[PDB]
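A.B. asks: this one is an experimental structure. Sequence first:
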Amino acid sequence: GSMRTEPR
Amino acid sequence: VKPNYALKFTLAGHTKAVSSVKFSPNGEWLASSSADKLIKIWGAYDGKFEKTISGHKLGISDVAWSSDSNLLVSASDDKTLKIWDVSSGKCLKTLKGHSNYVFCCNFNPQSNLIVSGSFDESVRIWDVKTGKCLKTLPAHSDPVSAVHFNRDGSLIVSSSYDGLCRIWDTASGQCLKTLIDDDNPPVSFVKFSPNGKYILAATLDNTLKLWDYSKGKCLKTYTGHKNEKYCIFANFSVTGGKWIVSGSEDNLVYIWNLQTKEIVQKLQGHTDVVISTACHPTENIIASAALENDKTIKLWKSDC
């Protein structure tokens, strides 16, 4: 899991 | 004149969403980072899988090349950056000091410094040789979405969900200029133009803007894509026609004419959000990458 690949 | 990018290769192997793709400056390689905690290296011209690089304990949000193509730096949710020797795949240095997820990273052109941006709302400048933190900038009041050096490394541009883009003097740490625009939509990406005179900034109101840095003025706006939720990389394409390239939340790659702002192409084929695009440094080649339902990288080639 990466913060870039999760919606804001 | 319009480009005619066509799909040449699809690259698979990441087991979670791809977060970032970048071509090496020498044109040989493509590097990709993923929520699966891995960096992978691919041949730029054939898409051939070359190697996997591992060591982060959590997913990776960004990766970037040194100017001699020998090193990579990666930004990870494990709150560190790592510097990798590409040829051996070994981790040379772990950069510690951010107190939250590291989101974005870049070498300066000399590649003696790394800049990083974090959910801890700060920007950090690191020494490549020692791995020590050289400066911390209290850059923003929200997560920092992007950091980028200009062509000679003298300036850094940072963007944030707080709606600001800020230009910093690298050596003195001092904010030289803040770009503010109206209703303060979160800024999700930012980067200097190759000549250092302009700044391309993406905001989470489905908009890209080209700013004149010296004047503090928006010169161009590019619309038609969907971008409300993700920090999508955008590019200047300069090998052929002068385009603006970006991903999109409708699963398309958008290409605009930089001067006229008209959409000149939409590349279809991904089955999830196109989070990342990269332009090849000498050929008319675009790499694009997409999230969970897709997990692939696509390489596209044009005649102009």
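C.D. replies: Ah, there it is. Numbering: from 1, shown residues only, chains lettered A, B, ... in the order given.

A.B. asks: contacting residues around residue 4?
C.D. replies: Let's take chain A. For residue A:4, the contact set (Cβ atoms under 8 Å, 6 or more residues apart in numbering or on different chains) comprises B:19-20, B:61-62, B:103, B:230-231, B:275. Placement of C-beta: from N, CA and C, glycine included.

A.B. asks: looking at chain B here, not the other one
C.D. replies: Counted by Cβ under 8 Å, 6+ apart, residue B:4 has contacts B:265, B:302-304.

A.B. asks: find the centremost residue of the chain, please.
C.D. replies: Reading this off chain A. residue A:6 (2.4 Å; Cα atoms, centre = their mean).

A.B. asks: wait, I meant chain B there
C.D. replies: residue B:233 (4.9 Å).

A.B. asks: beta partners for the nearest residue in space to it that is not next to it in sequence?
C.D. replies: Nearest residue to residue B:233, sequence neighbours excluded (Cβ to Cβ, 6 or more residues apart in numbering or on different chains): residue B:276, at 4.6 Å. Residue B:276 has these beta-bridge partners by DSSP bridges: residue B:289.

A.B. asks: residue B:276 contacts residue B:247, correct?
C.D. replies: Yes. Using Cβ atoms under 8 Å, residue B:276 is in contact with residue B:247, at 6.1 Å.

A.B. asks: between those two, what contacts are shared?
C.D. replies: B:232-233, B:288.

A.B. asks: out of the contacts of residue B:4, the closest to residue B:44 would be?
C.D. replies: residue B:302 (14.9 Å; Cβ to Cβ).

A.B. asks: how about the residues of chain A by chain B?
C.D. replies: A:1-5, A:7-8 (Cβ under 8 Å from any Cβ of the partner chain).

A.B. asks: now those: which count as buried?
C.D. replies: Buried members of these, counted by 16 or more other Cβ atoms under 10 Å in any protein chain shown: A:2-5.

A.B. asks: where's residue B:259 relative to residue B:220, distance?
C.D. replies: 8 Å (Cβ to Cβ, to the nearest Å).

A.B. asks: so the two - more neighbours on which side?
C.D. replies: residue B:220 (18 against 10; other Cβ atoms under 10 Å in any protein chain shown).

A.B. asks: that one sits in which helix or strand?
C.D. replies: Take DSSP states H and E as the rule and residue B:220 turns out to sit in strand B:217-222.

A.B. asks: whichever helix or strand comes after that strand and chain A, are they touching?
C.D. replies: Next helix or strand after strand B:217-222 toward the C-terminus (DSSP H and E): strand B:234-237. No. Against chain A, strand B:234-237 shows no contacts by Cβ under 8 Å from any Cβ, the least distance being 14.0 Å.
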